[PDB]
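Engineer: I am attaching a structure below and will ask some questions about it afterwards.
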Amino acid sequence: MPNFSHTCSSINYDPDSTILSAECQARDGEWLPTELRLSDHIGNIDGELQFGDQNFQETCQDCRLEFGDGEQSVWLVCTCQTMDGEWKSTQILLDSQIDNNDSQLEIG
Ligand SMILES: OC[C@H]1O[C@H](O[C@H]2[C@@H](O)[C@H](O)[C@@H](CO)O[C@@H]2O)[C@@H](O)[C@@H](O)[C@@H]1O
């Protein structure tokens, strides 16, 4: 269902504190800024990235968003260390079971 793309603009993601910042329009038509911490639903699992877990940037580096053919989407890729200590590249699409209300930001 709907995502924070068209509803919000100026998608920012700091790789240190992993916080997503973007301006969204409220029901009153007013524009406000919102922040979100993915670490809450993203953790490391034997070298892979999955939803439901937490604490991932601590064991991962080079996190960066990537725009596809249409700037209406950005994709999250990060290198996460494995339990043996090896480094591997994983990928994950934020667009999915996540959405933002007109004036509030909460999972759908
Ligand atoms: O911050 C603790 C860390 O613990 C768990 O991760 C394990 C493993 O996947 C990691 O590769 C190594 C460190 O490189 O540590 C543990 O053995 C996870 O619960 C992870 O989410 C958490 O951040």
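Simple scheme: letters A, B, ... for chains in structure tokens order, numbers from 1 for residues in each chain, numbers from 1 for ligands in the order shown.
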List all protein, DNA and RNA residues that have at least one atom no more than 6 Å from any atom of ligand 1, counting only C-alpha atoms and all ligand atoms, and write them as a list in words.

Structural biologist: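 Every residue with an atom at most 6 Å from ligand 1 is listed here: residues 43, 44, 45, 46, 54, 55, 56, 58, 59, 81, 82, 83 and 85 of chain A.
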
Engineer: Next, dump the selected residues to file, keeping only N, CA, C and O atoms, as a JSON list (two decimals), in the first residue's frame.

Structural biologist:
[["chain", "number", "residue", "atom", "x", "y", "z"],
["A", 43, "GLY", "N", 17.90, -5.59, 11.74],
["A", 43, "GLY", "CA", 19.04, -6.13, 12.55],
["A", 43, "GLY", "C", 19.88, -7.07, 11.68],
["A", 43, "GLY", "O", 19.51, -7.40, 10.57],
["A", 44, "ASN", "N", 21.00, -7.52, 12.17],
["A", 44, "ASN", "CA", 21.87, -8.43, 11.36],
["A", 44, "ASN", "C", 21.51, -9.88, 11.68],
["A", 44, "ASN", "O", 21.25, -10.23, 12.82],
["A", 45, "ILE", "N", 21.51, -10.72, 10.70],
["A", 45, "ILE", "CA", 21.19, -12.14, 10.96],
["A", 45, "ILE", "C", 22.17, -13.00, 10.16],
["A", 45, "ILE", "O", 21.96, -13.31, 9.00],
["A", 46, "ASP", "N", 23.24, -13.38, 10.80],
["A", 46, "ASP", "CA", 24.28, -14.23, 10.16],
["A", 46, "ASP", "C", 24.83, -13.62, 8.84],
["A", 46, "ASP", "O", 25.28, -14.34, 7.97],
["A", 54, "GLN", "N", 16.92, -5.90, 14.96],
["A", 54, "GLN", "CA", 17.42, -4.52, 15.28],
["A", 54, "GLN", "C", 18.95, -4.50, 15.44],
["A", 54, "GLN", "O", 19.57, -5.53, 15.56],
["A", 55, "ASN", "N", 19.57, -3.34, 15.45],
["A", 55, "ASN", "CA", 21.06, -3.28, 15.62],
["A", 55, "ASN", "C", 21.77, -3.87, 14.38],
["A", 55, "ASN", "O", 22.23, -5.00, 14.39],
["A", 56, "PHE", "N", 21.86, -3.11, 13.32],
["A", 56, "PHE", "CA", 22.54, -3.60, 12.08],
["A", 56, "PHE", "C", 23.73, -2.70, 11.68],
["A", 56, "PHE", "O", 24.76, -3.19, 11.27],
["A", 58, "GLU", "N", 25.78, -1.38, 13.40],
["A", 58, "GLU", "CA", 26.94, -1.74, 14.28],
["A", 58, "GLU", "C", 27.78, -2.83, 13.59],
["A", 58, "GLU", "O", 28.98, -2.90, 13.76],
["A", 59, "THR", "N", 27.16, -3.68, 12.82],
["A", 59, "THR", "CA", 27.92, -4.77, 12.12],
["A", 59, "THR", "C", 27.85, -4.58, 10.60],
["A", 59, "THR", "O", 27.98, -5.52, 9.83],
["A", 81, "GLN", "N", 28.83, -7.56, 8.20],
["A", 81, "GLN", "CA", 29.85, -8.61, 8.53],
["A", 81, "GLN", "C", 29.17, -9.94, 8.87],
["A", 81, "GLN", "O", 28.09, -9.98, 9.42],
["A", 82, "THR", "N", 29.81, -11.04, 8.56],
["A", 82, "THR", "CA", 29.21, -12.37, 8.88],
["A", 82, "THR", "C", 29.70, -12.79, 10.26],
["A", 82, "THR", "O", 30.57, -12.16, 10.83],
["A", 83, "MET", "N", 29.15, -13.82, 10.83],
["A", 83, "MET", "CA", 29.61, -14.23, 12.19],
["A", 83, "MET", "C", 31.08, -14.63, 12.16],
["A", 83, "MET", "O", 31.81, -14.39, 13.10],
["A", 85, "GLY", "N", 33.22, -13.21, 10.61],
["A", 85, "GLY", "CA", 34.00, -11.94, 10.50],
["A", 85, "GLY", "C", 34.17, -11.53, 9.03],
["A", 85, "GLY", "O", 34.80, -10.54, 8.73]]

Engineer: Which residues are close to residue 80 in chain A, i.e. within 8 Å by only C-alpha atoms, leaving aside same-chain residues fewer than 5 positions away? Reply as a list in words.

Structural biologist: residues 44, 47, 48, 49, 56, 57, 59, 60, 61, 87, 88, 89 and 90 of chain A

Engineer: Produce a file of the selected residues containing N, CA and C atoms, as an mmCIF file, in the first residue's frame.

Structural biologist:
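So out.cif came out as:
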data_model
loop_
_atom_site.group_PDB
_atom_site.id
_atom_site.type_symbol
_atom_site.label_atom_id
_atom_site.label_comp_id
_atom_site.auth_asym_id
_atom_site.auth_seq_id
_atom_site.Cartn_x
_atom_site.Cartn_y
_atom_site.Cartn_z
ATOM 1 N N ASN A 44 21.005 -7.516 12.166
ATOM 2 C CA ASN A 44 21.865 -8.434 11.358
ATOM 3 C C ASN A 44 21.507 -9.880 11.683
ATOM 4 N N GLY A 47 24.822 -12.317 8.689
ATOM 5 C CA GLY A 47 25.378 -11.714 7.428
ATOM 6 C C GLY A 47 24.256 -11.213 6.511
ATOM 7 N N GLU A 48 23.025 -11.501 6.831
ATOM 8 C CA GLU A 48 21.895 -11.045 5.956
ATOM 9 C C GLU A 48 21.085 -9.929 6.638
ATOM 10 N N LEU A 49 20.321 -9.194 5.872
ATOM 11 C CA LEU A 49 19.483 -8.092 6.443
ATOM 12 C C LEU A 49 18.004 -8.511 6.407
ATOM 13 N N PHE A 56 21.856 -3.112 13.323
ATOM 14 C CA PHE A 56 22.539 -3.600 12.080
ATOM 15 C C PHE A 56 23.727 -2.698 11.680
ATOM 16 N N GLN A 57 23.599 -1.400 11.782
ATOM 17 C CA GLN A 57 24.749 -0.521 11.385
ATOM 18 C C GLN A 57 25.981 -0.869 12.221
ATOM 19 N N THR A 59 27.157 -3.679 12.816
ATOM 20 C CA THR A 59 27.918 -4.769 12.118
ATOM 21 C C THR A 59 27.850 -4.580 10.596
ATOM 22 N N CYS A 60 27.652 -3.373 10.137
ATOM 23 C CA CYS A 60 27.571 -3.135 8.656
ATOM 24 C C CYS A 60 28.136 -1.761 8.284
ATOM 25 N N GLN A 61 28.570 -1.611 7.054
ATOM 26 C CA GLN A 61 29.144 -0.299 6.613
ATOM 27 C C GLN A 61 28.727 0.022 5.164
ATOM 28 N N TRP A 87 32.994 -10.089 5.234
ATOM 29 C CA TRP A 87 32.085 -8.978 4.812
ATOM 30 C C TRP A 87 31.311 -9.387 3.552
ATOM 31 N N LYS A 88 30.014 -9.229 3.548
ATOM 32 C CA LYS A 88 29.226 -9.592 2.328
ATOM 33 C C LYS A 88 28.268 -8.448 1.963
ATOM 34 N N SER A 89 27.879 -8.369 0.715
ATOM 35 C CA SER A 89 26.949 -7.274 0.275
ATOM 36 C C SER A 89 25.502 -7.780 0.221
ATOM 37 N N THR A 90 24.613 -7.114 0.910
ATOM 38 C CA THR A 90 23.163 -7.515 0.896
ATOM 39 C C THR A 90 22.328 -6.353 0.325
#

Engineer: If you run DSSP on this backbone, which residues of range 24-72 of chain A come out as helix (DSSP H, G or I), and could you give them as a PyMOL selection string?

Structural biologist: chain A and resi 38-40+57-59

Engineer: Given the selection you just returned, output its residues as a file containing N, CA, C and O atoms, formatted as an mmCIF file, in the first residue's frame.

Structural biologist:
data_model
loop_
_atom_site.group_PDB
_atom_site.id
_atom_site.type_symbol
_atom_site.label_atom_id
_atom_site.label_comp_id
_atom_site.auth_asym_id
_atom_site.auth_seq_id
_atom_site.Cartn_x
_atom_site.Cartn_y
_atom_site.Cartn_z
ATOM 1 N N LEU A 38 15.370 3.239 11.339
ATOM 2 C CA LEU A 38 15.136 1.844 10.838
ATOM 3 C C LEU A 38 15.708 0.810 11.812
ATOM 4 O O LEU A 38 15.139 -0.246 12.015
ATOM 5 N N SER A 39 16.821 1.101 12.415
ATOM 6 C CA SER A 39 17.440 0.134 13.373
ATOM 7 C C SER A 39 16.347 -0.546 14.207
ATOM 8 O O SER A 39 16.503 -1.664 14.658
ATOM 9 N N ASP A 40 15.244 0.131 14.398
ATOM 10 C CA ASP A 40 14.108 -0.434 15.196
ATOM 11 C C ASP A 40 13.578 -1.718 14.523
ATOM 12 O O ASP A 40 13.232 -2.674 15.185
ATOM 13 N N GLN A 57 23.599 -1.400 11.782
ATOM 14 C CA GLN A 57 24.749 -0.521 11.385
ATOM 15 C C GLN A 57 25.981 -0.869 12.221
ATOM 16 O O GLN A 57 27.103 -0.687 11.786
ATOM 17 N N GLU A 58 25.782 -1.379 13.403
ATOM 18 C CA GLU A 58 26.937 -1.738 14.276
ATOM 19 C C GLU A 58 27.780 -2.829 13.590
ATOM 20 O O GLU A 58 28.984 -2.896 13.756
ATOM 21 N N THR A 59 27.157 -3.679 12.816
ATOM 22 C CA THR A 59 27.918 -4.769 12.118
ATOM 23 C C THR A 59 27.850 -4.580 10.596
ATOM 24 O O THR A 59 27.975 -5.524 9.834
#

Engineer: Name all residues at most 12 Å from residue 103 in chain A (count only C-alpha atoms; drop same-chain ones fewer than 2 positions away) and give them as a list in words.

Structural biologist: residues 4, 7, 8, 23, 24, 25, 26, 27, 28, 29, 30, 31, 32, 33, 34, 99, 100, 101, 105 and 106 of chain A

Engineer: How would the residues just picked look written out with C-alpha atoms as a short mmCIF file (atom, residue, chain, number, x, y, z; two decimals), in the first residue's frame?

Structural biologist:
data_model
loop_
_atom_site.label_atom_id
_atom_site.label_comp_id
_atom_site.auth_asym_id
_atom_site.auth_seq_id
_atom_site.Cartn_x
_atom_site.Cartn_y
_atom_site.Cartn_z
CA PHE A 4 6.36 8.00 1.72
CA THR A 7 3.47 11.95 0.00
CA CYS A 8 6.95 13.15 1.10
CA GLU A 23 9.11 16.64 4.50
CA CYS A 24 5.46 15.48 4.20
CA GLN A 25 2.17 17.38 3.66
CA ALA A 26 -0.40 17.22 6.48
CA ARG A 27 -4.16 16.95 6.01
CA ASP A 28 -4.36 20.72 6.57
CA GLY A 29 -2.06 21.03 3.52
CA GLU A 30 0.81 22.14 5.82
CA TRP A 31 4.35 20.77 5.19
CA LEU A 32 6.27 19.36 8.21
CA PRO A 33 9.59 17.46 8.73
CA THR A 34 9.67 13.88 10.14
CA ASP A 99 3.66 3.68 4.77
CA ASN A 100 3.22 7.25 6.13
CA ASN A 101 -0.16 8.83 7.02
CA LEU A 105 4.41 8.33 10.24
CA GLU A 106 3.70 4.68 11.18
#

Engineer: Pick out the closest residue to residue 78 in chain A from this set: A:3, A:50, A:12, A:104. Count only C-alpha atoms.

Structural biologist: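 The answer is A:50, which sits nearest to residue 78 in chain A.
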
Engineer: Which distance in Å separates CA of residue 62 in chain A and CA of residue 16 in chain A, to one decimal?

Structural biologist: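 Going from CA of residue 62 in chain A over to CA of residue 16 in chain A, I get 9.8 Å.
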
Engineer: Using only C-alpha atoms, which protein or nucleic acid residues come within 6 Å of residue 19 in chain A? Drop anything in the same chain fewer than 5 positions from it, and give the result as a list in words.

Structural biologist: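 The contact residues come out as residues 13, 14, 36 and 37 of chain A.
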
Engineer: Could you dump the residues just selected with C-alpha atoms as an mmCIF file, in the first residue's frame?

Structural biologist:
data_model
loop_
_atom_site.group_PDB
_atom_site.id
_atom_site.type_symbol
_atom_site.label_atom_id
_atom_site.label_comp_id
_atom_site.auth_asym_id
_atom_site.auth_seq_id
_atom_site.Cartn_x
_atom_site.Cartn_y
_atom_site.Cartn_z
ATOM 1 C CA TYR A 13 19.295 8.943 5.202
ATOM 2 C CA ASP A 14 22.340 9.527 7.415
ATOM 3 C CA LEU A 36 12.452 7.660 11.524
ATOM 4 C CA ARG A 37 14.999 5.104 12.879
#

Engineer: In Å, with one decimal, what is the gap from CA of residue 79 in chain A to CA of residue 63 in chain A?

Structural biologist: 7.1 Å

Engineer: Going by DSSP on the backbone, which residues of range 27-99 of chain A come out as strand (DSSP E)? List them as a count of residues only.

Structural biologist: 37
